[PDB]
Structure formats: structure tokens, C-alpha cells
Ligand SMILES: CNS(=O)(=O)Nc1nccc(Cc2c(C)c3ccc(Oc4ncccn4)cc3oc2=O)c1F
Ligand SMILES: Nc1ncnc2c1ncn2[C@@H]1O[C@H](COP(=O)(O)OP(=O)(O)NP(=O)(O)O)[C@@H](O)[C@H]1O
Ligand SMILES: CCCS(=O)(=O)Nc1ccc(F)c(C(=O)c2c[nH]c3ncc(Cl)cc23)c1F
């Protein structure tokens with residue numbers, strides 16, 4: 001209640017961020033234990049390979065929320081432990097992490113109710129924008145680097161799934177992370193219950209060796225390339241396809257095999273800045289030890305440039321989706 | 001059409017049982033309890049209409065006590081298939097949710113009946129292509145019924161449910177058609193593993209993409225050290241034989257059946 005507000009003061013916020021975080025925590029106090037009966041469906045906000053996400057209204061509070069339905073057949077003991085482990089999200093209050101309201105189990109689906117983002121995922125944004133301008137990919141990078149270091153310091157947790165569809169954006173110009181690995185039982189359950197069409201997985205995680213947040217940095221670099229150019233990069237673009245996006249399919253195993261055997265993808269030269277190119281090249285180093293880490297990324301030239309560049313992110317977003 | 005199309009006014013949909021990505025399964029009423037699988041397709045293309053009537057034609061050829069009883073279809077309002085209702089739960093729920101205490105003689109019977117149903121399908125030139133313990137239902141607890149075969153014509157518009165039961169040749173997808181009687185045997189082998197261990201394979205790996213890579217390369221395989229101690233040593237051999245990485249080294253179901261039948265003669 002006010003134990004949440006004490007941990008706000010342990011973070012380095014500015015004037016406009018503390019305003020919004022304090023406003024969200026007060027709305028967290030309007031809602032109690034959530035149930036399937038408490039919600040009125042508004043619209044549908046996604047159809048991931050995993051579970052459908054609805055925009056919904058919580059009747060007692062009036063609040064609008066995003067409801068992720070995760071269908072899983074698990075014994076009741078695992079159900080209760082998944083909901084217990086998800087409660088750490090009440091304490092995950094940061095400008096770069098989407099908010100949490102509550103989680104519960106109904107029917108055969110775990111419901112996760114979280115902060116609504118009217119901008120959607122950058123996956124959804126990408127398919128409307130074609131490609132994302134580099135200036136904005138600088139601001140996105142900052143948000144991701146800050147969200148990962150927040151998780152590692154204040155929670156000792158990795159994201160484990162950094163992808164364009166797990167980065168969400170707000171009309172207020174906020175860029176936040178979502179769908180990270182809080183519950184170890186939920187991690188085990190979703191490996192057995194779904195299949196994937198693409199992969200942002202680090203080559204060391206594919207091979208079973210020891211991994212750290214460096215794997216998330218590799219995933220960020222792969223997401224940045226995919227958002228810079230307008231295509232997933234594991235199968236590098238053809239000499240033709242390059243000359244069809246700027247001017248002057250593989251099965252899941254073949255993708256995973258490529259990420260382990262062939263050199264990582266690169267940003268196409270000439271169309272992007274040299275620093276941004278060097279930035280993704282430092283993120284996509286295969287050996288995790290010689291890959292850039294989180295502090296090195298925050299002092300890289302591309303980040304100090306982008307942090308200083310005042311960009312109207314909120315404006316560009318409302319122009320390209322409406 | 002043909003005489004297996006059911007008018008929608010005749011069917012009363014009751015409760016919601018399961019909901020995957022390719023459709024939703026409701027319990028219903030149509031001359032007694034029935035199961036209705038409604039496909040998530042609101043604008044079915046003339047192509048998908050033909051693939052549906054084709055998969056229905058394949059369902060029309062199965063009449064066997066270990067195969068789920070096809071009963072009819074609906075093609076106007078929506079695309080759906082009507083089958084018998086199994087009173088028990090799926091084999092997955094028995095083994096991994098309820099954790100029901102089967103005895104050793106019951107596990108072999110489930111193994112034998114599953115092989116009996118699969119033998120029938122292959123004798124009719126039907127490849128399941130997506131066998132898991134989710135698709136094996138225990139009607140009233142005693143007799144297994146195999147379902148979720150067919151409609152591989154409409155699902156391709158490689159399975160997208162789970163990878164735990166996929167044969168390595170199917171995981172790699174290097175052929176245009178890696179599906180065979182032995183890819184089904186591998187899947188049956190993984191179900192045998194479930195039956196004889198009580199848990200799913202690769203329980204220590206929690207990364208689907210790791211599982212896909214490790215199993216496609218041959219670096220990972222079901223851990224047979226977790227087989228029950230009361231599991232007969234001939235049954236242990238059968239698990240290993242079905243799970244073999246080489247597609248041509250795996251037994252066919254006439255042999256699998258005989259292996260179990262002679263084992264069953266205690
Ligand atoms: C692909 N990587 S993996 O390691 O194999 N698997 C997994 N990776 C990450 C995660 C998971 C499991 C997982 C999911 C999917 C999740 C989704 C939404 C959520 O809600 C929420 N609310 C507010 C803010 C942030 N999240 C919390 C969540 O916690 C989890 O542990 C993996 F299963
Ligand atoms: N809190 C939220 N607010 C707004 N949109 C959300 C929220 N949570 C999820 N979404 C949307 O839900 C969509 C699908 O998400 P999800 O179901 O996680 O599948 P995915 O991320 O596209 N891939 P996978 O992780 O394999 O399921 C995303 O594109 C988001 O835009
Ligand atoms: C003859 C096979 C038809 S199918 O291959 O399309 N599979 C199918 C079709 C319709 C269904 F309802 C189902 C199904 O899931 C069930 C059928 N009977 C059941 N009884 C219990 C449960 Cl939990 C599930 C089912 C099902 F597996």
C-alpha cells in the first residue's frame with residue numbers, strides 16, 4: 001500500500017515519471033481479488049502463438065485493463081504456485097515495465113490482468129509503420145536497457161523473452177516491457193504447451209550452456225535489426241529483398257540451426273548510422289563473454305546520442321496508428 | 001451433401017471443454033451426450049471447404065472401438081465435427097493433472113489398446129501426424145479412444161500444439177513430407193514413456209526452442225532411467241525401440257502389438 005511507495009523512492013525517477021507511477025498505484029488500490037465475473041469485454045488486442053489478450057473493463061472499479069488468457073492443463077498445486085509467483089508483479093513498478101493488477105485461474109486458463117497500452121506492441125506498430133525510424137529505435141533501446149537493469153537489480157530476474165511483441169508503447173510516449181519470466185512454474189508449463197514459428201533465442205540458450213541477461217541483450221539486438229529493416233533477420237535478406245525495402249520460408253529448426261552455426265545478422269550498411277550498426281553488432285556477438293553487457297550498452301556512443309536527442313515519440317506513434 | 005451432415009437446430013451446445021488454436025471443443029446433446037469441435041474459421045474459403053470435406057471423407061472410413069466414433073459434420077453456419085462423448089478424461093489429464101494411480105496391468109492395457117487403434121488407422125492408410133496423450137481419451141476409464149487425427153488438411157493453413165511428441169525427422173522438417181507410420185510410432189513411443197514414468201519427457205529443459213534444437217540434432221532424448229521399477233523389462237525395450245532416432249529402426253504396430261500381447265501372457 002505505502003510499502004509500494006517506499007520502493008518508489010529507492011528508484012531514480014524524474015518529475016513526470018513519479019507522477020504517473022503514483023497515479024497507477026492508487027488505481028491498483030481500487031481493485032481487489034480479480035475474478036472472471038468482474039470483467040466486461042471491450043475489444044481484442046492480440047492473437048499471439050500463446051494466449052488471446054482482451055481489452056476489458058473491471059466493473060467494481062471502472063478501470064480498463066488488458067487480460068491475457070493462458071490456457072494450460074496443470075495440476076491444481078501448480079496453478080496455485082503460479083499465481084503465488086506472479087504476485088511479485090505487484091512490486092514491479094517502473095516506468096519501463098507494464099503494470100500489474102492481479103492474476104487468477106478460471107476454467108482451464110490462467111488470467112493475467114495488467115496495464116492497458118493503447119499503442120500496442122512494437123510488433124503491431126511495425127506492421128503499420130513498415131520499418132521503425134532509427135531515432136525512435138534509439139529511444140526504444142534506452143527503454144529496454146533500463147527495463148532489463150531494473151529487473152536485474154530490484155528483482156534479480158531476467159526477461160527471457162525479449163521480442164518486438166513483448167515491447168509495448170503508450171500514447172504518453174512510454175515504452176515498457178512485458179511477458180517476462182516471473183514464475184518458474186509458468187516457464188515450465190509454457191514450454192510443453194506451445195510451439196514457435198520464429199525465435200529470438202540466444203545461441204547459448206539454444207545449446208543448453210550457462211546463460212545470463214546477456215541472452216536478453218542478444219534478443220534485443222535481434223529485435224532492433226528486425227525493426228530497422230522490415231523483416232525477421234535470421235534468414236539474411238536476399239540481394240534482391242534488400243533492394244526492395246530501401247531503394248538505392250525456413251522452418252523453426254532451420255532457424256535455430258542458423259542461429260547456432262552461421263554468423264549473426266547485421267544492419268545493412270549505408271542506410272543506417274555507423275554507431276547504430278556498431279550497437280547491434282555488439283549485441284549480436286555469439287560468445288556471451290565478449291558480447292556487450294548492460295553497463296557497456298548504457299555508455300555506448302549510440303545510447304548517449306539517442307538519450308540527448310529530444311524526439312516526439314508520442315507524436316510519431318499517434319501519427320502512424322491513429 | 002452426404003448423409004452425415006447434421007442440422008444445427010438438432011444440436012444443443014452445453015459446456016466448453018477445451019480450446020486450442022485450431023478450434024474449440026464443446027460438450028453437447030444430440031441423441032444423448034456428444035462432442036462438438038467447432039473450427040475457428042468465419043470466412044472459410046472454397047479451398048478450406050474442400051479440405052474440410054476431404055478430411056471428413058477420411059473420418060468416414062474409420063469404424064473401430066479404439067478410434068473415436070465420428071458421428072457427423074456441420075458445414076453451413078460453421079465448420080464443425082460431431083463425435084461420441086468420452087466420459088473419462090484424456091490420458092494427459094489422468095497422468096499429469098489428476099495423477100490417477102493406475103496399476104501396472106492397466107498401463108499395459110492402455111498401451112495395447114492405443115497400439116490397436118493405431119494399427120487400424122495405418123491399415124486404412126491414415127497417418128495421425130499429431131499423436132499425444134491429449135488425443136487419447138479413456139471412455140468410462142476402461143477403453144481408450146484415439147482422436148484429433150485427420151484435419152491435418154485444414155491445420156496447414158508441422159503441428160503447432162507441442163513438440164514433446166514430435167519425431168526428430170518431423171522436428172527438422174527437412175523433407176516435404178516427414179510424416180510416416182514411424183513418425184507416428186515415435187509419438188506412440190513418447191506416450192509409452194508417459195505411461196511408464198508418469199511424467200513428460202525433457203522435464204529438466206524448460207525452453208521449447210532448446211528442445212527443438214537438441215532433439216533435432218540428437219543431443220537429447222527421453223530419459224529412460226525414470227521408467228517405473230515394476231515396468232517389465234520387455235516394455236522398457238519397447239519404449240526404447242519406438243523412440244529410436246532413426247526412422248527405419250522403429251517397429252511397426254503389428255510388431256508392437258505382438259510384443260505387448262506376448263508380454264500380456266505374464
Ligand atoms: C521464450 N523464453 S522461455 O524462457 O522459454 N519462456 C518464458 N519466457 C518468459 C516468461 C515465461 C512465463 C511467463 C509469462 C509468459 C508471463 C506473461 C505475462 C505476465 O504478465 C505480466 N504482467 C505485467 C508485467 C509483466 N508481465 C507474466 C508472465 O510471467 C511468466 O513467468 C516463459 F515461459
Ligand atoms: N497489457 C497490454 N496492453 C496492450 N496490449 C497488450 C498487452 N498485453 C499484451 N498485449 C498485446 O497482445 C498481443 C499479443 O501478445 P502475446 O499473446 O504475448 O503473443 P506474441 O507476443 O505476439 N508472441 P508469443 O509470445 O509467442 O505468444 C501483443 O501484440 C500486444 O500488443
Ligand atoms: C473421429 C475423430 C474426429 S477429430 O479427429 O476431428 N477429433 C475430435 C473431434 C471432435 C471432438 F469433440 C474431439 C474431442 O476432443 C473429444 C471427443 N470426445 C471427447 N470426450 C472428452 C473430451 Cl475431454 C474431449 C473429447 C476430437 F478429438
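Every number here is computed from the coordinates shown, using simple stated rules; none is lab data. Here the Cβ is made from the backbone with ideal geometry for all residues, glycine too, and neighbour counts use every protein chain on show.
Values computed for the structure shown
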| quantity | calculated |
| --- | --- |
| Separation of the residue A:6 and residue B:240 label points, Cα + 7 Å toward Cβ, nm | 6.0 nm |
| Whole-Å distance, taken between Cα centres, linking the range B:189-266 and the range A:98-144 | 40 Å |
| Exercise: per-residue mean of other protein chain Cβ atoms within 10 Å, B:161-168 | 3 |
| Pair residue B:223, residue A:289: separation of 7 Å Cα→Cβ label points (nm) | 2.8 nm |
| Cα centroid separation, the range B:55-105 to the range A:258-303 (Å) | 51 Å |
| Cα gyration tensor category, rounded, prolate or oblate, for the range A:120-320 with a/c compared to 1.5 | rounded |
| Among beta bridges that DSSP assigns inside the protein assembly as shown, antiparallel share in %, nearest 5 | 95 percent |
| Sequence-separation-based contact order of the range A:137-244, relative, with Cα cut under 8 Å and 6+ spacing, percent | 28 percent |
| Rounded if a/c under 1.5, otherwise prolate or oblate - the range B:220-266, Cα gyration tensor axes | oblate |
| Least to most buried among B:200, A:256 (fewest other Cβ within 10 Å first) | B:200, A:256 |
| Residue A:16-residue B:177 FRET efficiency (beta carbon distance; Förster radius 45 Å; 0.05 resolution) | 0.20 |
| Between the range A:1-55 and the range A:219-255, the Cα center-to-center distance that results, in Å | 34 Å |
| Simple label model, 7 Å out from Cα along Cβ direction - residue B:87 to residue A:242, nm | 6.8 nm |
| Overall form of the range B:7-84 per C-alpha gyration tensor (a/c, 1.5; a/b vs b/c) | oblate |
| Radius of gyration and maximum dimension Dmax of chain B, Cα, Å | 18.6, 56 |
| FRET efficiency estimate (nearest 0.05) - Cβ-Cβ, residue A:57 to residue B:31, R0 56 angstrom | 0.85 |
| Highest average packing first - A:78-90, A:198-210, Cβ atoms within 10 Å | A:198-210, A:78-90 |
| Segments B:6-15, B:100-109, B:169-178 sorted - mean Cβ within 10 Å per residue, highest first | B:169-178, B:100-109, B:6-15 |
| Residues of the range A:294-316 with amide N under 19 Å of a point placed 7 Å along Cα→Cβ from residue A:274 | A:300-306 |
| The protein assembly as shown - mean residue ellipticity at 222 nm from DSSP helices (-39,500 (n - 2.57) per run, n ≥ 4, rounded to 500) | -11500 deg cm²/dmol |
| FRET efficiency, residue B:50 to residue A:43 (Cβ-Cβ, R0 30 Å, nearest 0.05) | 0.35 |
| Cα-based Rg of the range B:71-223 normalised by 2.2 N^0.38 Å, two decimals | 1.08 |
| Cα coordinate range in the protein assembly as shown, projected on the principal axes (Å, largest first) | 78, 53, 51 |
| Highest-first arrangement of A:308-318, A:111-121, where packing means the average Cβ count within 10 Å | A:111-121, A:308-318 |
| nm² value of the averaged projected area, convex hull over the Cα atoms of the range A:3-115 | 7.8 nm² |
